[PDB]
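Numbered as in the numbering used here, the sequence shown ends at 364 without a single skipped number. Below is one structure; the comments refer to it alone.
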Amino acid sequence: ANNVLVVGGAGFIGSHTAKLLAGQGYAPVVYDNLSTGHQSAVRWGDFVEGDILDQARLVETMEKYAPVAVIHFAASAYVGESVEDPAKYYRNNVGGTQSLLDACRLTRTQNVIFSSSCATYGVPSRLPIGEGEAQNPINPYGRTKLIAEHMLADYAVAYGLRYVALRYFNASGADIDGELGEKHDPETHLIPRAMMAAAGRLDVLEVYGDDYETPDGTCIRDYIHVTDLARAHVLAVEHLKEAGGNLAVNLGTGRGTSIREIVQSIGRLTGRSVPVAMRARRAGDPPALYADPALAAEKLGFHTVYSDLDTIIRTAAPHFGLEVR
Ligand SMILES: NC(=O)c1ccc[n+]([C@@H]2O[C@H](COP(=O)([O-])OP(=O)(O)OC[C@H]3O[C@@H](n4cnc5c(N)ncnc54)[C@H](O)[C@@H]3O)[C@@H](O)[C@H]2O)c1
Ligand SMILES: [Zn+2]
């Protein structure tokens, strides 16, 4: 009917996507083990506490709700944690995804929207990064996201599963209306850390390098507003509903953002400066990484509409002890 199973739906991007689904008349059903997400963020439909590795419980859930699509956000997502603890990432991201895909095929639950990462590309050859770019990830996090992408392809071949894999770099901002935000502990993402530091919730923001080959010398990365991510994941649902073919596309603005720009923007919009501690650049670290969004525009009709820096900063700031002036 209109149930959409949002796996990992108690987390940052998943909860925003559940909110959006409900706005478009779907009934999001959240399946989440609350390991890093929050029960209080499940505000737009039913909640099933459970682990995606609990295959009986996941199958039971799919049988009860007969979802028209499954959106898979349920993963371990931290790069540095993945180098030191690869076990966690192979278990959650490869084992967990296989359990989810088995639950899907065994219940004839057909449409899977997979939240992937541009970390699958590793170091690229040209900028911006097109989907044709080789995928040579350089850490277990990127590795395990790539494995899930290929597992999706193999399950499509064998079982006729239909899917859209969505690749992006950095989820940012928060819901425009202010009641839903990014709550991680530890918080490892750049814009939240910079804001926490400006707010005095962190003492410093260590920034590694001011001598990159970039306009202001600080490194450039790719940021997309979480509401835009919600929009794309639901468009992906529509795509498969309308008998669309399997897809793997990048999500983003097509334009990068430097650390300096972010720090400057925060100081300007909140009146509080970020206490930056500039450290030596790490050798072999890329000056710029950002994705080519053209294919998503073509295949999904998707453009970002909330991912200007000012909107990202303005909507996130109130969640980290700052005020927009
Ligand atoms: N945040 C980003 O910048 C970013 C970038 C690229 C990709 N992604 C992908 O987005 C998805 C979630 O991102 P988030 O940033 O919202 O992280 P998040 O941790 O806020 O949400 C993750 C959710 O998954 C749940 N979960 C984790 N393992 C589970 C399991 N085994 N069984 C059931 N529930 C489980 C957690 O409790 C949490 O609610 C992940 O797939 C992540 O790789 C995020
Ligand atoms: Zn975070």
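C-beta: ideal position from N, C-alpha, C; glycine also.
Problem - Three-pair Cβ contact test at 8 angstroms for the stretch 265-281 versus the stretch 310-328 - result: no
Handout entry: With 16 other Cβ atoms within 10 Å as the buried cut-off, status of residue 284
Key = exposed
Handout entry: Residue list, Cβ distance to ligand 2 heavy atoms smaller than 7 angstroms
Key = 51, 221, 223, 226, 227, 228 and 231
Exercise for the section: Starting from the Cα of residue 287, find the closest Cα among 188, 240 and 298 and give me that residue. Expected result: 188
Handout entry: Contacting residues, own chain, Cβ-Cβ under 7 angstroms from residue 132 (five flanking each side not counted)
Key = 114, 115, 183, 184 and 187
Exercise for the section: Thinking residue 322 and residue 245 are a contact (beta carbons under 8 angstroms), I'd like their distance in whole angstroms, please. Expected result: Not a contact, Cβ separation roughly 17 angstroms.
Problem - From 297, 289 and 243, residue whose alpha carbon lies closest to that of residue 249 - result: 297
Handout entry: Distance between residue 192 and residue 106 (C-alpha atoms, nearest Å)
Key = 21 angstroms
Exercise for the section: Report the three-state DSSP secondary structure of residue 55 (helix, strand or coil). Expected result: helix
Exercise for the section: Give the C-beta separation of residue 68 and residue 44 to the nearest angstrom, bearing in mind that I take them to be a contact with Cβ-Cβ under 8 angstroms. Expected result: 5 angstroms
Problem - alpha helix (DSSP H) segments (min. 4 residues) lying fully within the stretch 154-237 - result: 179-198
Problem - Segment limits, beta strand (DSSP E) that includes residue 286 - result: 286-289
Exercise for the section: Tell whether a beta-carbon distance below 8 angstroms holds between residue 42 and residue 118. Expected result: no
Practice task
Assign residue 227 to buried or exposed, taking buried as 16 or more other Cβ atoms, counted over all protein chains shown, within 10 Å of its Cβ.
Solution key: exposed
Problem - Presumed contact (8 angstroms Cβ cut-off) between residue 234 and residue 356, rounded CB distance - result: 6 angstroms
Handout entry: the stretch 125-144 / the stretch 258-271 touching (three or more Cβ pairs under 8 angstroms)
Key = no
Problem - Start and end residues, beta strand (DSSP E) containing residue 70 - result: 66-71
Handout entry: Cα-Cα separation, residue 89 to residue 238
Key = 35 angstroms
Handout entry: Residues near residue 169 by beta carbon distance below 6 angstroms, same chain, minus five either side
Key = 331
Exercise for the section: Would you kindly work out how many angstroms separate the C-alpha atoms of residue 369 and residue 338, rounded to a whole number? Expected result: There is simply no residue 369 to check, as the chain begins at 40 and stops at 364 in what is shown.
Practice task
Assign residue 344 to one of three DSSP states: helix, strand, or coil.
Solution key: coil
Problem - beta-carbon residue 355 near ligand 1 non-hydrogen atom, thresh 7 angstroms - result: no
Handout entry: Sequence-distant residues of its chain with Cβ nearer than 8 angstroms to residue 293 (five each side left out)
Key = 167, 329, 330, 331, 332 and 333
Practice task
List in chain order: all unbroken beta strand (DSSP E) runs of 3+ residues lying wholly within the stretch 88-166.
Solution key: 108-111 and 150-154
Exercise for the section: Leaving aside the five residues before and after residue 63 along the sequence, list all residues of the same chain whose C-beta is less than 8 angstroms from its C-beta, in chain order. Expected result: 273
Practice task
Provide the residue(s) that pair with residue 329 in DSSP beta bridges, ordered along the chain.
Solution key: According to DSSP, residue 329 bridges with nothing at all.
Exercise for the section: Locate the alpha helix (DSSP H) running through residue 275, then write down its first and last residues. Expected result: 265-280
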